[PDB]
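Before any questions on binding or motion, here is one chain by itself as structure tokens, the form deposited in one PDB entry.
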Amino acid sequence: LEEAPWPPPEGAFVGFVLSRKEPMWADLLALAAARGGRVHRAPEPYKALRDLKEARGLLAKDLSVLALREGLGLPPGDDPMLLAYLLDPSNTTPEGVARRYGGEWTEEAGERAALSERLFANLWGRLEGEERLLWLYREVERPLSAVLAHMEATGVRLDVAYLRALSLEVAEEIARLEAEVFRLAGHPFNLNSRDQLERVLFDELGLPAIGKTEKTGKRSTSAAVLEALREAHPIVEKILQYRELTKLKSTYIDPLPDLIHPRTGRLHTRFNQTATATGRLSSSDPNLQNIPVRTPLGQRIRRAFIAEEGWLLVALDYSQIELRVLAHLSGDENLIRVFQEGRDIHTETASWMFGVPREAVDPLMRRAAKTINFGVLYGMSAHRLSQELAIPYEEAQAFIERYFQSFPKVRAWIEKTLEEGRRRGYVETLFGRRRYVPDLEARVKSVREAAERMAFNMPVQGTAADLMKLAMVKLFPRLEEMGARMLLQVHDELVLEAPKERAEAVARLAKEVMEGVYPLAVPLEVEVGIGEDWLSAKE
């Protein structure tokens, strides 16, 4: 492969090496390109970046993110990963893709640029006459790679000094719980060690072991088990509280302050485009799609995510999203009618569950209600439901009968999808995104029924993922015309940063864009809110 001097011509494929996996933190150790049987190895990578019209290759977005960090508007174009991920969503890493489709993922920039060339050719051949996947690539994923590059580069502002103060109060409160716990135990032990805790609960005290752990068969100390033991002993309550506080302290309060980038003074997630089986995104390195909200301390954490001074945050969340999508995919007249009447299923279940007026339903209850409703739908057992509702197997049985009885045509939709998946080996979204579910023909029932549950979930969760992705592609250009930013996506939610002056305008627009993104047999309602912080914005 011919070594040509550096500058590549128009349309050349890129290859690059990083010091570490995160583009906002990485040093650019090497940069190369390749077109028409040639390799160009940049002598100084950072300068060499100025020459490029676009990032075109494996992980184009990562290089575009790093380019944006350096003031360069190098947008991402073609990426063989995005092609492979639509061909098969188990195609998730370049190591795997390379091997599957005719190369080897190396550590040298040149070799990676040549890999990008030959992998694109092969994969692009695999997609000719795959009309719906080509549609998805050009009209959703490829433009989206650019939108995410801008989100990553921008980041979100975080109240550092606030969280540092919060850390010290939690540490005091944690210390009280461990000191209580040890006193009831009658001796000190590492309370973060679940093995030690097992012995204390089940051997040293006479507590009944509810469940075992999957891989190694140890007696489980899961919150579920511990809730079932709330009355057995006082120490349980303390353990549950200790578990909440240390989880949040070790995962959010302490790491996040130390992850502020020095140039930006902001927090930059990575939005992994080829990471899930359904077509959802994932967020990592810091994961900002799992920031706390539920518990009071979780909320105090969430409010640490704030706007730039002079700006406001704008949070938009699709209402009852996967239920609405389901009603379209199934055509359940009875279920459509619920959304045509503007009724909230999460509130109805909540009001019913706790036995209260709908106006009394709080967020805590509503969250519990979602578990009930999605759980049933996707195949939760009567056994579990009973404990989730905390009511008899007699009565919890009757719920899966009545819930399903209201809305037929779904089960008809479930059966159909599974039969199609048996026949063709995959299932698909409304836009023809595929997931191969080969264990539908599995001879072992537990493995078969697991596969089935994954199978009929995907079209629903994945269609919703496609809608949110599409809405993002359409919305992003309109935001930059308004001098507003797109900050985060949390599956069916978007978080925007708009200047106070234009904040309400952005909110109105972005709602209409999201609701009208692709009309269906049901109206896609969106809840929007505005605030100085993330918590206030959703309230």
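By rigid core we mean the largest C-alpha set that fits within 1.5 Å across both forms. Numbering starts at 1 and follows the sequence shown.
Same protein, other form: the form deposited in another entry, not shown, and the subject of what follows.
The one residue among 105, 124, 135, 352 whose Cα position changes by 2 Å or more between this form and the one not shown, with the core held fixed by superposition, is 352. Compared with the form shown here, the C-alpha atoms of residue 335 and residue 351 sit at least 3 Å closer together in the other entry.
In summary, the C-alpha positions of residue 495 and residue 368 diverge in the other entry, ending up at least 3 angstroms farther from each other than in this conformation.
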